[PDB]
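Asks: Build me a model from this:
(one chain, ligands or ions: 2)
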Amino acid sequence: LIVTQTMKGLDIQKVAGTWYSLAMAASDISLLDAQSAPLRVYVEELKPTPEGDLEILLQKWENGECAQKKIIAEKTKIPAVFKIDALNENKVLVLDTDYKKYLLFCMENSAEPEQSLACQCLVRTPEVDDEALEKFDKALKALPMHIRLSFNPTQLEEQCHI
Ligand SMILES: CCCCCCCCCCCCCCC(=O)O
Ligand SMILES: [Cl-]
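Replies: Residues are numbered from 1 along each chain as shown. Ligands and ions are numbered 1, 2, ... in the order given. Provided below are the atomic coordinates:
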């Protein structure tokens, strides 16, 4: 457990809808550096289920193209923590959200020597929210991040932030 900030009292139904990946950071440069980097993902929409799982729509650059992806993050016993099903079991943690403006989340690999970690600042609108970005930078201050990206409003309105 690298990340030690989770949202108390998270109501997952209230994160439904449209989001923008305004800023991203990761523990290793290689996780975000190229357009095709493994955790360079651009959130489109969050769809919580009635049983409280979380369907994620996002874009990712794969094979010289911007591809649509649909991911399912299954709930755990902790409201703020979800598990993505993949070869390596990947936890999604919601750090902080106000539902109406911003949501901060991190994804971490369960076990790895110096396990990898990416975090995003999501916002509801294609605007630079300095307040959400300050909350994101404060949340990351002790995490061992080595790359950070952020996107301008023009980019946020383009597929894969071109
Ligand atoms: C509550 C906020 C949840 C947003 C979580 C987004 C998780 C994104 C995980 C994507 C991991 C890469 C998938 C693409 C691939 O399999 O190549
Ligand atoms: Cl659990």
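
Asks: For the chain, which residues are neighbours of ligand 1?
Replies: Residues of the chain lying near ligand 1 by Cβ under 6 Å from any ligand atom: 15, 41, 43, 46, 56, 60, 69, 71, 84, 92, 94, 103, 105, 107. Backbone N, C-alpha and C define where each C-beta goes, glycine included.

Asks: Next step: those residues restricted to strands.
Replies: When the residues of the chain next to ligand 1 are checked against strands (DSSP state E), the matches are 41, 43, 46, 56, 60, 69, 71, 84, 92, 94, 103, 105, 107.

Asks: out of the residues you listed, what pair is the most spread apart?
Replies: Of all pairs drawn from these, the greatest distance, 20.7 Å, lies between 60 and 94 (Cβ to Cβ).

Asks: More neighbours: these two, which one.
Replies: Higher neighbour count among residue 60 and residue 94: residue 94, with 22 against 19, using other Cβ atoms under 10 Å.

Asks: list the contacts for that one?
Replies: Residues near residue 94 by Cβ atoms under 8 Å, 6 or more residues apart in numbering: 6-7, 10, 15, 80-81, 103-105.

Asks: I'd like those residues laid out as TSV, including neighbour count and distance to ligand 2.
Replies: Formatted as TSV, the contacts of residue 94 follow (neighbours: other Cβ atoms under 10 Å; distance: Cβ to the ion, whole Å):
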residue	neighbour count	distance to ligand 2
6	17	13
7	20	17
10	19	15
15	19	19
80	20	12
81	18	8
103	24	21
104	22	21
105	26	18
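
Asks: I'd like these as JSON lines, with distance to residue 160 appended.
Replies: Output for the contacts of residue 94, formatted as JSON lines (distance: Cβ to Cβ, whole Å):
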{"residue": "6", "distance to residue 160": "29"}
{"residue": "7", "distance to residue 160": "28"}
{"residue": "10", "distance to residue 160": "28"}
{"residue": "15", "distance to residue 160": "22"}
{"residue": "80", "distance to residue 160": "28"}
{"residue": "81", "distance to residue 160": "28"}
{"residue": "103", "distance to residue 160": "20"}
{"residue": "104", "distance to residue 160": "21"}
{"residue": "105", "distance to residue 160": "19"}
